[PDB]
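Numbers for residues simply follow the sequence, beginning at 1.
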Amino acid sequence: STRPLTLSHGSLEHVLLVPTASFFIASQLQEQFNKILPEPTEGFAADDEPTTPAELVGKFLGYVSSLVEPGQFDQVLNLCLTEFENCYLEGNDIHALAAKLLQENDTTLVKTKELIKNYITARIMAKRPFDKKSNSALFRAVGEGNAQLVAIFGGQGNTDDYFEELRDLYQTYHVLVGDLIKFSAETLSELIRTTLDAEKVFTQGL
């Protein structure tokens, strides 16, 4: 037995067919989620709000994932995450959907990045890593030999604001590259400490 749970932000709306066993926990999460959510505006042009039903559901996923601390809301997180995947990820990855919203729908870059963050954070938090091998067309072609891949890594002079790109990586993919960035920070600090004159070069620290 399952029943509808309607969540909307302005004209756009969505329905989760949650089971009756966790309907109460889902409903209270809905109530406090709507309380947290900012009020709708015409066109959804204001920042930090959804613009499409996909964006709204993904915001709810990210919010529930933040509230989850790896059992209280794990079942509802898994249920609504599966609903989101079934309705919007028709076998495709999150980034293809993100590009689709960016192109077809009136979605901004920050909203798309925040949707991606919410989905990935929910996926990792709900004991659902990406251990399953992906079926990307490019890598399938590589496996069958139809395409060849050469990685190229950039360097200096590409941009004057590379740190904003580091910041967007740490933000959007915090759960993924957080271990990498923490490891890099600690080893860089250790290298500065061990090096004789590194502190002099690093006036503002690292």
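Closest of all the heavy-atom pairs between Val18 and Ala26 is CG2-CB, 4.0 Å. Between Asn135 and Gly91, the shortest heavy-atom contact is OD1-O, 4.0 Å. Smallest separation of non-hydrogen atoms from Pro40 and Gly10: CG-N, 3.7 Å. Listed here is the closest heavy atom pair of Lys200 and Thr203: O-CG2, 3.8 Å. Contact between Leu81 and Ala126 at its shortest, heavy atoms only, is CD2-CB, 4.2 Å. Nearest heavy atom pair, residue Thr112 against residue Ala98, reads CG2-CB, 3.3 Å.
Atom CZ of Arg123 sits about 10.5 Å away from atom CZ of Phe84, to the nearest 0.5 Å. Rounding to the nearest 0.5 angstrom, the gap separating the CD atom in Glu104 from the CG atom in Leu101 is 8.5 Å. A distance of 5.0 Å separates CD1 in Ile94 from CG in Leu115, rounded to the nearest 0.5 Å. Summarising the geometry, atom OG1 belonging to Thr172 is positioned 8.0 Å from atom CD1 belonging to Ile120; distances are rounded to the nearest 0.5 Å. If you take NZ on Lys127 and CG on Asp74, they are separated by 6.5 Å, rounding to the nearest 0.5 Å. Distance OG1/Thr108 to CZ/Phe44: 14.0 Å, rounded to 0.5 Å.
A chain of hydrophobic side-chain contacts below 4.5 Å, direct or via other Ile, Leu, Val, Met, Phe, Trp or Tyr residues, connects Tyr119 to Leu169. When hydrophobic clusters are built by joining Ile, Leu, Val, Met, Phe, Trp and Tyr residues whose side-chain heavy atoms come closer than 4.5 Å, directly or via intermediates, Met125 is grouped together with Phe130. Note: the hydrophobic cluster containing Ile25 also contains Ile36 (ILVMFWY, side chain heavy atoms under 4.5 Å, direct or indirect links). Cluster membership check: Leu102 does not share its hydrophobic cluster with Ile116, using side-chain heavy-atom separations under 4.5 Å among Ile, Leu, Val, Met, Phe, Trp and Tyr.
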**Study point:** Derivation of the side-chain contact (heavy atoms from CB on, under 4.5 Å) call for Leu37 and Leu56
**Key:** CA-CA 10 Å; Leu37 206 79; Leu56 173 57; 4.2 Å; yes
**Study point:** side-chain contact (heavy atoms from CB on, under 4.5 Å) assessment of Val57 paired with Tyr88
**Key:** CA-CA 10 Å; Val57 48; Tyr88 299 107; 3.6 Å; yes
**Study point:** side-chain contact (heavy atoms from CB on, under 4.5 Å) between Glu83 and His14, intermediate numbers included
**Key:** CA-CA 11 Å; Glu83 193 286 277; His14 196 70; 2.3 Å; yes
Practice item. Could you walk me through whether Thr51 and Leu12 pass side-chain contact (heavy atoms from CB on, under 4.5 Å), step by step? Key: CA-CA 8 Å; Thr51 306; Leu12 59 100; 5.6 Å; no
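Taking the side chain as every heavy atom from C-beta outward, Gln28 and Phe73 approach each other to under 4.5 Å. A heavy-atom distance below 4.5 Å is not found between the side chains of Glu55 and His9. The shortest side-chain heavy-atom distance between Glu85 and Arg128 falls under the 4.5 Å cut-off. Looking only at side-chain heavy atoms (C-beta outward), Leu7 and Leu16 come within less than 4.5 Å of each other. Looking at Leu77 and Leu61, their side chains come closer than 4.5 Å, going by heavy atoms from C-beta outward. Side-chain contact between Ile124 and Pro129 is present, with heavy atoms from C-beta onward closer than 4.5 Å. Between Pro50 and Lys111, every side-chain heavy-atom pair lies at or beyond the 4.5 Å cut-off. Side-chain contact check for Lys117 versus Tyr173: every heavy-atom pair is 4.5 Å or farther apart.
At least one donor-acceptor pair under 3.5 Å links the side chain of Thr195 to the backbone N or O of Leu191. Remark: the backbone N or O of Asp161 is paired with a side-chain donor or acceptor of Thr159 at under 3.5 angstrom. Within the 3.5 Å criterion, the main-chain N or O of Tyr63 finds a donor-acceptor partner in the side chain of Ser66.
Ring geometry, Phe60 versus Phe33: the interplanar angle falls from 30° to 60°, so the pair is classed tilted. Using cut-offs of 30° and 60° on the angle between ring planes, the pair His174 and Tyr170 is tilted.
Heavy-atom neighbours of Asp106 CG from other residues, nucleotides or ligands within 6.0 Å: at or below the threshold of 12. The 12-atom threshold is not exceeded at NZ of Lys100, counting heavy atoms of other residues, nucleotides or ligands nearer than 6.0 Å. Summarising the local packing, CD of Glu144 is surrounded by more than 12 heavy atoms from other residues, nucleotides or ligands at distances under 6.0 Å.
Using modelled atom types, one finds a donor on one side chain and an acceptor on the other under 3.5 Å when comparing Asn34 with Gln30.
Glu164 has a carboxylate O that lies under 4.0 Å from a charged side-chain N of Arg167, or vice versa, which qualifies the two as a salt bridge.
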